[PDB]
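So this first bit is one chain, no partners, the form solved without the ligand, shown in structure tokens.
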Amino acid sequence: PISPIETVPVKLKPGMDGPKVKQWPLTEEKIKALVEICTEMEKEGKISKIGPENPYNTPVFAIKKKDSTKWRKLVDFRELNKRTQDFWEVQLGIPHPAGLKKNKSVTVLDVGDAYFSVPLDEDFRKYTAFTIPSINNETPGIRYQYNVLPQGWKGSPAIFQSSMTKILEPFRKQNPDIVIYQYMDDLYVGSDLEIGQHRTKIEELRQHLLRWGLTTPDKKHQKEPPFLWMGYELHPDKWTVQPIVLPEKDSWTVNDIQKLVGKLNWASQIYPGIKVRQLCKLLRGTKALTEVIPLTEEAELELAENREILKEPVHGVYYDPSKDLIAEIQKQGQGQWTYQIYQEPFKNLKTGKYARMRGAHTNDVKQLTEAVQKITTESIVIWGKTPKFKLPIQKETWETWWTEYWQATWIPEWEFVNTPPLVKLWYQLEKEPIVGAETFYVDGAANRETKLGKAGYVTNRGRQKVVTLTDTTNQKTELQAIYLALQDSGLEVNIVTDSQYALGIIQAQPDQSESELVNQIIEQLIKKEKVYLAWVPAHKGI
């Protein structure tokens, strides 16, 4: 059943030419078969014999399709695909489950080998040439070519897709209240019509395609809800999450653990609470991928406590456009955030978590911020809109922080939710010097090459110290200086430094960094009651 649809012009990449690869030798069994199979689609008009005026060739194979001790074929276009032009979005991103709306019914039609229903650009066909050898390479091979979109070829989907989209426009319009989703060779149709109506329509549709030689399976040979959408299990009115099965195991190999933490990490998105910390520790030093690792007891408790989480399956709802979108956030730890999106409290649409690699230097609020952002993007992609937010941060806190931060930042319409732990400013450098406080003039220098440094200070109150450092660096010395100063200061301190990095802290006032040293200071700062940090040009008289 071929189709009467205009072919999409297809041409090879810039200045390249058709495939020219040799045909493997075949058994009496692998040749007999392909001769039969090909003679089939041959009569079907799918392929056509070609003479020696075609210098191209693709390697044909023969594998006996499992669950059928019968033979089937397949061609290797790897080369052709290399030489074929590109097309646009062969998959502009998959619609996510939280973005759908409930329907009374959702049928799914396997257009199937509709790929072979769509006619290939007459001109291009020549490149699809392939050969069926003969026993003793006596008589030449029987040559063919595709007159229709071939399985495995680059342009196939793209073309099939658009073709489809065309064939579907008219029906779509006649039936606006119906929803079709074209994906691969599967046609997802849903509606809010009463069943009988729905049924009739699918039939109406089914016949529509059919008018285009587009054969699809009847109501007695379709697939039925739930529908497994990579990850989720889908029912016209709701979706679910598996649950996931953790293989209870004997010995654990590195590779195994990895694959494990993977599945696990994937899950934390839905089941926050999941933890893979100690499990991750089992990789440290791992010499080979197949070496077995003694699962530490800490690892047992964790791996265990996870199976439990993955017991309770997960139910979710679909998107109701009639309702606002609410996104709530939680800080599970330093750098970790959880969020859930729902319309009706507890009726979750979507959820997830994020681990924030401290990186150079951040602060919780900033991170909070980045979360929102990410979230906001996700939302839009799915709902074409952004969620009103519920955040564990007070408005005062936020206002204090952003109006003064050096970088431009923003949080869409949001509302504080008093769900501890709230994000707060761990500290704040005074805007001006502290009257009646020690003043520490700090300095630290290190020989770049020998890595020998000295850190120290002296105060207006006469106090002084100094330290010799081995295997250090300058930035470190500098900081160190500041560190000591904080160390020996007392609840109120004024610290003056010519450090470039100190200029950084002043400006970003980070509450976390990759540098253990910095962190050391961060902690110290938090401890102080009031700190005033000042910077002065280096090597000047000061």
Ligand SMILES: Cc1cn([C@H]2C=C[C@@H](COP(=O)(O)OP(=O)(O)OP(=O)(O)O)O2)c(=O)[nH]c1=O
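Each residue number is its position in the shown sequence, starting from 1.
Unshown form deposited with the ligand bound; subsequent notes refer to it.
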*Work out which of 113, 121, 298, 203 lies within 4.5 Å of the ligand in the bound PDB entry, going by heavy atoms.*
113
*Since exactly one of 288, 355, 184, 92 fits, which has a heavy atom within 4.5 Å of the ligand in the bound PDB entry?*
184
*With the ligand left out here, work out from 248-256, 418-426, 328-336, 69-77 which stretch has heavy atoms within 4.5 Å of it in the bound PDB entry.*
69-77
_Even though the partner isn't displayed, in the bound PDB entry is residue 65 close enough to the ligand, meaning a heavy atom within 4.5 Å?_
yes
_Contact label in the bound PDB entry: residue 269 to the ligand, heavy atom within 4.5 Å_ = no
*asked:* Residue-level contact is defined here as any heavy atom of the residue lying within 4.5 Å of the ligand in the bound PDB entry; does residue 151 satisfy this criterion?
replied: yes
_Residues in 194-223 close to the ligand in the bound PDB entry, defined by a heavy atom within 4.5 Å, in order_ = 220
